[PDB]
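Data first, discussion second: the structure below is written as structure tokens.
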Amino acid sequence: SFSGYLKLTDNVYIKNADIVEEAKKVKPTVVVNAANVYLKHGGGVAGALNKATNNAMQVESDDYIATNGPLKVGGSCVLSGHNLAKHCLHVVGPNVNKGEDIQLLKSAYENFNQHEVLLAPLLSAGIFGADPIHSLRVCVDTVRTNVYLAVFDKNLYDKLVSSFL
Ligand SMILES: Clc1ccc2nnnn2n1
């Protein structure tokens, strides 16, 4: 199962790891994708997860959007995890770079509570533009299920652990 994680709280764990490499190693029940409302997996975590599936995630996502329309910011959908996990929980955190309400980050993390254990990135962090320290705080204060956070950047991982209240 999950190895090398630092325990932050009763249910939140963190590791400096590439979430794609982590998913291929663990093959968890649920891998969280840092999705956008259109499920267009172009860059950041979404582009990396999609590239690991040889674009199968994008093909499946386009069929999902054709049938259902876009997700809401703060919302999610469960799709296949392909070669990475049993399922992928595509969660839309607010993109601060697209002027979205950072207050929707708590709503985005609430989606994690529908799954007993998840491998996940910090929502709205990276190319989504939010402060990752704030994202970790919202995560620990919102998620009650077991969440294994993979932080790609070593320097950001160190800052997150060393500043964790
Ligand atoms: Cl290739 C790659 C892998 C992991 C990751 N996390 N954020 N961006 N990113 N990109």
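Values quoted throughout were computed directly from the atomic coordinates according to the rules given, and no laboratory measurement underlies them. Cβ sites come from the backbone with ideal geometry, for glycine too, and all protein chains shown count toward neighbours.
When the chain is treated as a GNM, springs tying every alpha-carbon pair under 10 Å, which of 47, 81, 69 comes out with the largest mean-square fluctuation?
Of 47, 81, 69, the most mobile in the Gaussian network model is 69.
Semi-axes of the equivalent ellipsoid of the chain: what are they in whole Å, largest first, if each equals the square root of 5 times a C-alpha gyration tensor eigenvalue? Present the calculation step by step, with values, prior to reporting the outcome.
Numbers: eigenvalues 100, 65, 40 Å².
Rounded to whole Å, the semi-axes are 22, 18, 14.
Could you tell me the distance between the Cα centroids of segment 73-111 and segment 23-60, to the nearest Å?
Centre-to-centre distance over Cα atoms comes out at 11 Å.
What residues have an amide H closer than 5 Å to that of residue 33, excluding those fewer than 5 places away on the same chain, when H is modeled at 1.01 Å from N in the peptide plane?
89, 90, 91
So what J values fall out for segment 145-162 if you push phi through Karplus, 6.51 cos²θ - 1.76 cosθ + 1.60 with θ = phi - 60°, rounded to Hz, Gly and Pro as x?
Result, rounded to whole Hz: 7, 7, 10, 9, 8, 9, 10, 4, 6, 4, 5, 5, 3, 4, 5, 5, 5, 5.
When the Karplus curve 6.51 cos²θ - 1.76 cosθ + 1.60 is applied with θ = phi - 60°, which whole-Hz ³J(HN,Hα) does each residue of segment 80-96 get, with x for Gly and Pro?
5, x, 6, 8, 9, 6, 5, 10, 10, 9, 7, 10, 9, x, x, 9, 5
So which trypsin sites (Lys or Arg not before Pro) in segment 48-139 end up in coil per DSSP with only 13 or fewer other C-beta atoms within 10 Å? Each step should come with its number before you reach the end.
On the way: sites: 51, 72, 86, 98, 106, 137; in loops: 72, 86.
When the trypsin sites (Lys or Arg not before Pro) of segment 48-139 are filtered for loop state and at most 13 Cβ neighbours within 10 Å, 72, 86 remain.
When 148, 13, 38 are ordered from fewest to most other Cβ atoms inside 10 Å of their Cβ, what list results?
On the way: 148 23, 13 17, 38 14.
The fewest-first ordering by Cβ neighbours comes to 38, 13, 148.
List the residues, sorted by chain then number, that are 5 or more residues from residue 81 or on another chain and whose placed amide H is less than 5 Å from its amide H.
Result for residue 81 returns 87, 88.
Would you list 110, 22, 116, 100 from fewest to most Cβ contacts within 10 Å? If you can, show how the numbers build up before the last one.
Details: 110 16, 22 25, 116 9, 100 20.
Ranking 110, 22, 116, 100 by Cβ neighbours within 10 Å, fewest first, gives 116, 110, 100, 22.
Would you grab the residues whose amide H sits under 5 Å from the one on residue 17? Only those 5+ places off in sequence or on another chain, please, with H modelled 1.01 Å from N.
151, 152
Taking segment 109-165 on its own, what percent of its Cα-Cα pair distances exceed 14 Å? Walk me through the intermediate numbers first.
Numbers: 834 of 1596 pairs.
I get 52 percent for the Cα pairs in segment 109-165 exceeding 14 Å.
I'd like the Karplus ³J(HN,Hα) series for segment 34-45: coefficients 6.51, -1.76, 1.60, θ = phi - 60°, whole numbers in Hz, and an x wherever there's a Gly or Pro.
Whole-Hz 3J(HN,Hα) from phi for segment 34-45: 7, 8, 10, 4, 8, 6, 9, 8, x, x, x, 4.
Under a straight-distance cross-link criterion of Cα-Cα below 19 Å, which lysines are reachable from residue 159, leaving out those fewer than 8 residues away in the same chain?
Residue 159 reaches 7, 15.
Considering only 26, 151, 138, give the residue with the highest GNM mean-square fluctuation for the chain, with springs between Cα atoms whenever their separation is below 10 Å.
Ranking 26, 151, 138 by mean-square fluctuation puts 26 first.
Tell me, 76, 107, 124, 162 in order of fewest to most beta-carbon neighbours within 10 Å?
By the 10 Å Cβ count, ascending: 162, 107, 76, 124.
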